[PDB]
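*Asks:* If you read the protein sequences in the order shown, they are chains A, B, C, D and E.
Read in order, the letters of the first sequence correspond to residues 107 to 135, 140 to 174 in the UniProt record's numbering.
Read in order, the letters of the second sequence correspond to residues 601 to 607, 614 to 624, 630 to 642, 650 to 662, 666 to 682, 685 to 715, 720 to 835, 838 to 867, 886 to 899 in the UniProt record's numbering.
Numbers given in the UniProt record's numbering equal positions in the third sequence, counted from 1, plus 417.
Numbers given in the UniProt record's numbering equal positions in the fourth sequence, counted from 1, plus 107.
The numbers in the UniProt record's numbering rise by one with no breaks, and the one at position 100 of the fifth sequence is 100.
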Amino acid sequence: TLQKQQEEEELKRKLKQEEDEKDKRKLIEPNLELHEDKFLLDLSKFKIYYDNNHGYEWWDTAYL
Amino acid sequence: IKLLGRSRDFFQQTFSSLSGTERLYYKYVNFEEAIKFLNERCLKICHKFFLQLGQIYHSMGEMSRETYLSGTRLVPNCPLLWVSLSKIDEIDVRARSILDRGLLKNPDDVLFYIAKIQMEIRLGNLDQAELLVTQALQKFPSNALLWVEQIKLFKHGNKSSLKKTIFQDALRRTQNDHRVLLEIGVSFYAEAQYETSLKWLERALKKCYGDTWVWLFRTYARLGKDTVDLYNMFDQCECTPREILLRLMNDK
Amino acid sequence: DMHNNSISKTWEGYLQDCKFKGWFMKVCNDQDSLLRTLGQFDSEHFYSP
Amino acid sequence: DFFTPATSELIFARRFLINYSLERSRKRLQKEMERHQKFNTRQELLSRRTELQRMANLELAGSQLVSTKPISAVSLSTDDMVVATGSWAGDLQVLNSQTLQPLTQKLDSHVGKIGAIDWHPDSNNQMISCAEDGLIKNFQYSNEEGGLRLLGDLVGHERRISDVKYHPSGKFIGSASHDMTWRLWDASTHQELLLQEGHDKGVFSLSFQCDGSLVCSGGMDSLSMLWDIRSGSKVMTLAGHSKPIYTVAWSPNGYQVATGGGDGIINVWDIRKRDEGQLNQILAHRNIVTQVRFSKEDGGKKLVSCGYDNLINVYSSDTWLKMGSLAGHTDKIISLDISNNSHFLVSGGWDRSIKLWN
Amino acid sequence: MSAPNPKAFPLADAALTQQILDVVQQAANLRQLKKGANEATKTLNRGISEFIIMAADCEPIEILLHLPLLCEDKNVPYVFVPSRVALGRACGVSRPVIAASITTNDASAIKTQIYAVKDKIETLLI
């Protein structure tokens with residue numbers, strides 16, 4: 107009789123997983143193809159560049 | 601019921623309880651019909670029904688160009704959809724982009740060019756029309772009508788030399804085609820030397838169609854007297888047709 | 418049933434240096450290992466989602 | 108190699124540049140800093156998506172006729188109210204943007220083939236045009252007058268001058284031609300401040316930056332060569348291209364640049380990262396590329412590309428995914444600009460119309 | 001070579017130049033070619049031309065310099081190849097030939113080679 111309970115466990119778990127997926131989809135709705147990763151703003155690199163410069167771009171840093 | 605109708615609405619109604632059928636029916640409902655089309659048509666190609674619509678509103682009048692905007696966007700093949708739509712919008720140009728819009732959708736057909744040419748001609752600037760011609764003609768060239776406007780463009784086309792040679796090639800490329808033959812004979816006519824035109828005129832007639842005859846009898850109208858017999862050939866070329892010929896004759 | 422199957426040109430053009438020594442047809446099941454498979458030749462962008 | 112100083116006062120100008128540069132850039136960079144703070148992923152994720160449809164939306168409204176020749180250069184005065192249109196006829200004129208009916212006035216230049224025509228950065232009553240003859244032109248567009256008129260003349264390219272641009276200052280102008288030298292002039296006095304060398308073929312195209320410090324220099328050798336102005340220092344130089352570069356496009360970002368040319372492929376050169384984030388290849392059209400633009404306001408998001416493909420494109424500033432193509436024309440497409448408000452699109456071409464887009 | 005004429009607009013390089021002249025000579029054998037300035041000029045007004053070629057080494061350059069102007073008007077691709085004598089040999093003529101013109105035909109067997117060349121031409125014109 108273990109076949110019935112087992113199939114309920116596997117099937118229900120798979121459904122729960124896929125539903126978690128689509129839930130993440132409409133939830134975000140960075141995606142993947144959307145690559146939205148590159149829309150994100152990292153204070154890390156931008157900043158550490160910023161004061162890393164002597165503070166003004168990297169271009170004219172030579173002068174002052 | 602047609603030639604009899606030509607001199614029976616109900617018999618078509620019971621014969622109707624009994630797609631070009633309901634079409635000719637709509638043609639009957641013409642001389650108001652708004653319900654007849656908005657119902658008998660709404661079952662139903667459809668493009669002719671659009672035409673008749675924008676004709677109705679057209680003599681009425685904007686809702687016309689509205690419904691063109693409808694059928695056009697619904698069925699982008701028969702050009703006269705746009706040709707009309709534009710042809711209104713031009714008079715109120721924005722019209723071009725309407726032309727081009729529909730064009731790029733086939734585009735690859737024939738007419739839309741001709742449309743665009745004539746629209747420029749009608750509007751002005753023959754000079755671009757030259758371009759449009761030469762382009763579509765490079766593409767197509769076995770297409771006659773192109774050669775027609777090519778020829779018209781020398782009426783006031785004011786480049787005098789090549790007309791000879793062009794009449795030449797316009798002939799030979801096209802497997803000499805009656806429509807051109809006319810157009811040549813005309814360009815003689817609207818200038819002079821009406822007899823010169825004749826050999827062309829008849830020369831096409833042997834390939835026949839009304840678009841000539843009116844000219845033919847304008848030529849006679851400048852010379853004349855063969856009038857009576859050739860009416861037989863007209864009787865072979867087929886409604887009040889004698890009304891038509893004599894009608895358009897009066898235009899000139 | 419291929420009547421749904423459709424082929425179309427994307428484009429054609431020039432390239433600084435070919436990273437292809439020889440021509441191989443293959444599969445990568447996802448888009449990712451597929452796009453990555455392009456990206457080993459740095460070719461990812463050639464595909465249009 | 109030769110590094111030869113001369114003619115101070117431009118160094119003075121360079122002095123000027125520095126002060127103008129750092130400030131704006133600083134402020135600009137600072138502002139970009141601010142945005143990092145906000146983040147809010149799902150805002151952008153929606154907003155981007157929204158714009159996508161509008162971009163997919165855009166349609167031709169009405170076109171026009173202008174001249175009988177290909178229409179070589181179009182543009183908008185910064186107010187987005189008028190189109191500067193020059194062309195192979197050697198003719199200029201200015202048209203009503205939103206609308207297109209007929210025009211302000213059609214004045215024929217004294218030159219016969221017109222590379223590009225460009226608006227003063229502020230007053231917006233003034234234009235500049237690069238020519239076939241080796242002459243550059245400043246004009247006055249008068250009010251709603253047809254008052255297109257000489258504001259002056261500029262001299263000394265011995266080839267066709269393929270491009271000219273106002274420096275975001277407005278005192279400074281540049282021209283890339285063929286003579287394999289790109290020149291930087293004072294607007295006001297109408298005087299050359301610079302003759303730059305260093306392209307092994309003609310110098311085809313030109314771009315400044317928002318911050319005004321960098322001028323990217325496009326050339327006919329497929330080498331996009333970058334220049335600090337104030338020092339006249341070649342900084343970085345970019346071969347992504349086989350066959351000559353045509354459009355040198357610049358982001359309002361000020362840290363990014365696009366290029367297009369004979370290859371039929373666009374590169375996105377992102378500057379600062381400089382190790383490899385470098386370029387990114389956009390397979391672009393086919394059949395060359397003519398002009399490329401970022402949305403002027405908004406820092407640039409959308410990319411607009413005009414090739415001979417007869418199409419015109421829309422690219423995302425980051426995925427650089429091809430979003431949509433717009434069937435615009437019967438013929439090949441020589442030039443384009445875009446509403447600073449990003450709601451319209453103006454193209455011109457061989458087919459000789461000038462077409463407006465939604 | 002020499003300092004090429006600043007009036008010379010699009011000027012093919014070698015690898016193209018080959019493909020061009022080779023198409024010319026490929027044409028003369030079918031006498032789908034038409035040679036010489038005046039007779040190019042005819043072909044244009046008649047509108048039957050495919051593309052053009054013009055010797056850019058020519059003596060005073062204006063003598064053909066209407067041809068470009070005429071061509072934008074009729075909208076036809078046109079090039080300059082650097083060596084006239086080369087063009088001359090390539091056309092079947094023993095003697096300098098300043099400008100020469102392909103013509104139009106459908107059944108023309110080469111028709112492809114022609115097209116592919118027009119393609120590679122317009123690419124130059126900006």
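A virtual CB, placed ideally from N, CA and C, is assigned to each residue, including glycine.
Which residues mark the beginning and the end of the alpha helix (DSSP H) in which residue 129 of chain A is found?
*Replies:* Taking the first sequence and counting its residues from 1, one reaches residue 129 of chain A at position 23. Taken as a continuous stretch (DSSP letters only), the alpha helix (DSSP H) holding residue 129 of chain A covers 108-134.
*Asks:* Taking the alpha carbon of residue 387 of chain D as the reference point, which residue from D:374, D:393 and D:454 has its own alpha carbon closest?
*Replies:* Residue mapping note: residue 387 of chain D aligns to position 280 of the fourth sequence, counting from 1. Checked all of D:374, D:393 and D:454; the closest Cα to residue 387 of chain D is D:374.
*Asks:* Kindly provide the ranges of any alpha helix (DSSP H) runs that are 4 or more residues long and lie completely inside the region 152-226 of chain D, ordered along the chain.
*Replies:* Taken in chain order, the region 152-226 of chain D contains no complete alpha helix (DSSP H) segment of 4 residues or longer.
*Asks:* Any beta carbon of chain D sitting closer than 8 Å to that of residue 6 of chain E?
*Replies:* Position 6 of the fifth sequence, counted from the first residue, corresponds to residue 6 of chain E. Yes, residue 6 of chain E counts as interfacial toward chain D.
*Asks:* Please state the DSSP three-state secondary structure of residue 55 of chain E.
*Replies:* Position 55 of the fifth sequence, counting from 1, holds the residue named residue 55 of chain E. Residue 55 of chain E: strand per DSSP, three-state reduction.
*Asks:* Are the C-beta atoms of residue 72 of chain E and some chain D residue less than 8 Å apart?
*Replies:* To locate residue 72 of chain E, count along the fifth sequence from 1; it is residue 72. Yes, its Cβ sits closer than 8 Å to a Cβ of chain D.
*Asks:* If you measure from the CB of residue 639 of chain B, is any heavy atom of the ligand GDP nearer than 7 Å?
*Replies:* Ligands displayed in this structure: none; no statement on the ligand GDP is therefore possible.
*Asks:* DSSP on residue 778 of chain B, reduced to helix/strand/coil?
*Replies:* Indexing the second sequence from 1 puts residue 778 of chain B at position 151. The answer is helix: DSSP assigns residue 778 of chain B an H, G or I state.
*Asks:* At which residue ranges does the region 384-440 of chain D contain complete beta strand (DSSP E) runs of 3 or more residues, listed in the order of the chain?
*Replies:* 388-390, 398-401, 409-413, 419-423 and 429-432
*Asks:* Which residues in chain C sit within 7 Å of residue 398 of chain D, going by Cβ to Cβ distance?
*Replies:* For the purposes of this step, residue 398 of chain D is taken as residue 291 along the fourth sequence, with counting starting at 1. Correct list: empty, because the minimum Cβ distance to chain C is about 17 Å.
*Asks:* Could you tell me the alpha carbon to alpha carbon distance between residue 403 of chain D and residue 433 of chain D, rounded to whole angstroms?
*Replies:* What you label residue 403 of chain D is simply residue 296 of the fourth sequence in a count that begins at 1. What you label residue 433 of chain D is simply residue 326 of the fourth sequence in a count that begins at 1. Their Cα atoms are separated by approximately 20 Å.
*Asks:* Under 8 Å Cβ to Cβ from residue 809 of chain B, same chain only, skipping five residues before and after it: list those, please.
*Replies:* By one-based count along the second sequence, residue 809 of chain B stands at place 182. Excluding residues within five positions, the ones whose Cβ falls inside 8 Å are 827, 828, 831, 840, 841 and 844.
*Asks:* Measuring only between beta-carbons, confirm whether residue 266 of chain D sits less than 8 Å from chain E.
*Replies:* The count along the fourth sequence starts at 1 and reaches residue 266 of chain D at position 159. When Cβ-Cβ separations below 8 Å define contact, residue 266 of chain D makes contact with chain E.
*Asks:* According to a CB-to-CB cut-off of less than 7 Å, which residues of the region 123-134 of chain D neighbour chain A?
*Replies:* 125, 128, 129, 132 and 133
*Asks:* Answer yes if the region 312-326 of chain D comes into contact with the region 125-134 of chain D, meaning at least three C-beta pairs across the two stretches below 8 Å, and no otherwise.
*Replies:* By the Cβ criterion, the region 125-134 of chain D is in contact with the region 312-326 of chain D, since at least three pairs of Cβ atoms, one from each stretch, lie closer than 8 Å.
*Asks:* Spatial neighbours of residue 437 of chain C within its chain, please: C-beta separation below 8 Å, excluding the five flanking residues on both sides.
*Replies:* Here residue 437 of chain C refers to the residue found at position 20 when the third sequence is read from its first residue. Cβ neighbours of residue 437 of chain C beyond the five flanking positions: 458.
*Asks:* Could you tell me which of D:199, D:401 and D:277 sits nearest to residue 296 of chain D, measuring between CA atoms?
*Replies:* Counted from its first residue, the fourth sequence places residue 296 of chain D at position 189. Closest by alpha carbon: D:277.
*Asks:* Please tell me whether residue 730 of chain B has its Cβ less than 8 Å away from any Cβ of chain E.
*Replies:* Counting from 1 along the second sequence, the entry for residue 730 of chain B is found at position 103. Residue 730 of chain B does not count as touching chain E.
*Asks:* Give me the Cα-Cα distance between residue 102 of chain E and residue 427 of chain C, rounded to the nearest whole angstrom.
*Replies:* The residue given as residue 102 of chain E occupies position 102 in the fifth sequence. The residue given as residue 427 of chain C occupies position 10 in the third sequence. Roughly 31 Å separates the two Cα atoms.
*Asks:* How is residue 811 of chain B classed by DSSP in three states: helix, strand or coil?
*Replies:* Position 184 of the second sequence, counting from 1, holds the residue named residue 811 of chain B. Secondary structure of residue 811 of chain B (DSSP, three-state): helix.
*Asks:* According to DSSP, is residue 355 of chain D part of a helix, a strand, or is it coil?
*Replies:* Along the fourth sequence, read from residue 1 onward, the residue named residue 355 of chain D stands at position 248. In the structure shown, residue 355 of chain D sits in a strand (DSSP, three-state: E or B).
*Asks:* Cα-Cα, which of B:739, B:637, B:722 and B:781 is closest to residue 762 of chain B?
*Replies:* Counting from 1 along the second sequence, the entry for residue 762 of chain B is found at position 135. Cα-wise, what sits closest to residue 762 of chain B is B:739.
*Asks:* Could you run through the UniProt repeat "WD 7" (435-464) of chain D and flag, in chain order, every residue whose CB is less than 7 Å away from some CB of chain B?
*Replies:* 437, 459, 460 and 462
*Asks:* For residue 873 of chain B, which of helix, strand or coil comes out of DSSP?
*Replies:* The model contains no atoms for residue 873 of chain B, which sits in the stretch where chain B goes from 867 to 886 directly.
*Asks:* Within the continuous beta strand (DSSP E) that includes residue 123 of chain E, where are the two ends?
*Replies:* Indexing the fifth sequence from 1 puts residue 123 of chain E at position 123. No beta strand (DSSP E) contains residue 123 of chain E, which DSSP labels as neither H nor E.
*Asks:* What in chain D is Cβ-close to residue 752 of chain B, meaning under 9 Å?
*Replies:* By 1-based counting over the second sequence, the position of residue 752 of chain B is 125. Per Cβ cutoff of 9 Å: 172 and 175.
*Asks:* What's the C-alpha gap between residue 731 of chain B and residue 700 of chain B?
*Replies:* Reading the second sequence from its first residue, position 104 is the one you call residue 731 of chain B. Reading the second sequence from its first residue, position 77 is the one you call residue 700 of chain B. Near 11 Å, if we compare the C-alpha coordinates of residue 700 of chain B and residue 731 of chain B.
*Asks:* Taking the Cβ atom as the reference point for each residue, do residue 602 of chain B and residue 634 of chain B lie within a distance shorter than 8 Å?
*Replies:* Position 2 of the second sequence, counting from 1, holds the residue named residue 602 of chain B. Position 23 of the second sequence, counting from 1, holds the residue named residue 634 of chain B. Inclusion of residue 602 of chain B and residue 634 of chain B in the CB contact set at 8 Å is not warranted, their separation being larger than that value.
*Asks:* Kindly say whether residue 395 of chain D, judged by its beta-carbon, lies nearer than 8 Å to any beta-carbon of chain E.
*Replies:* Taking the fourth sequence and counting its residues from 1, one reaches residue 395 of chain D at position 288. Yes - at least one Cβ of chain E is within 8 Å of the one on residue 395 of chain D.
*Asks:* Are residue 248 of chain D and residue 254 of chain D closer than 8 Å when you measure CB to CB?
*Replies:* Within the fourth sequence, the letter at position 141 stands for residue 248 of chain D. Within the fourth sequence, the letter at position 147 stands for residue 254 of chain D. Yes, the Cβ-Cβ distance between residue 248 of chain D and residue 254 of chain D is below 8 Å.
*Asks:* Indicate whether at least one CB of chain C lies closer than 8 Å to the CB of residue 326 of chain D.
*Replies:* For this step, residue 326 of chain D is matched to residue 219 along the fourth sequence. Not closer than 8 Å to any Cβ of chain C, the Cβ of residue 326 of chain D fails to qualify, so no.
*Asks:* What in chain B is Cβ-close to residue 45 of chain E, meaning under 9 Å?
*Replies:* Within the fifth sequence, residue 45 of chain E is the residue found at index 45, counting from 1. Result: 786, 788, 789 and 792.
*Asks:* Along the region 420-431 of chain C, where does the CB come closer than 8 Å to a CB of chain D? Name the residues.
*Replies:* 427, 428, 429, 430 and 431
*Asks:* Does the beta carbon of residue 38 of chain E sit closer than 8 Å to a beta carbon anywhere in chain B?
*Replies:* As a first step, residue 38 of chain E is located in the fifth sequence; it is residue number 38 there, counting from the start. No - not a single Cβ of chain B is within 8 Å of the one on residue 38 of chain E.
*Asks:* Quick check: is the beta carbon of residue 724 of chain B nearer than 8 Å to any beta carbon in chain D?
*Replies:* Against the second sequence, residue 724 of chain B aligns to sequence position 97. Yes, residue 724 of chain B counts as interfacial toward chain D.
*Asks:* Around the Cβ of residue 435 of chain C, are there at least 16 other Cβ atoms within 10 angstroms (buried) or fewer (exposed)?
*Replies:* Residue mapping note: residue 435 of chain C aligns to position 18 of the third sequence, counting from 1. With fewer than 16 other Cβ atoms within 10 Å, it is exposed.
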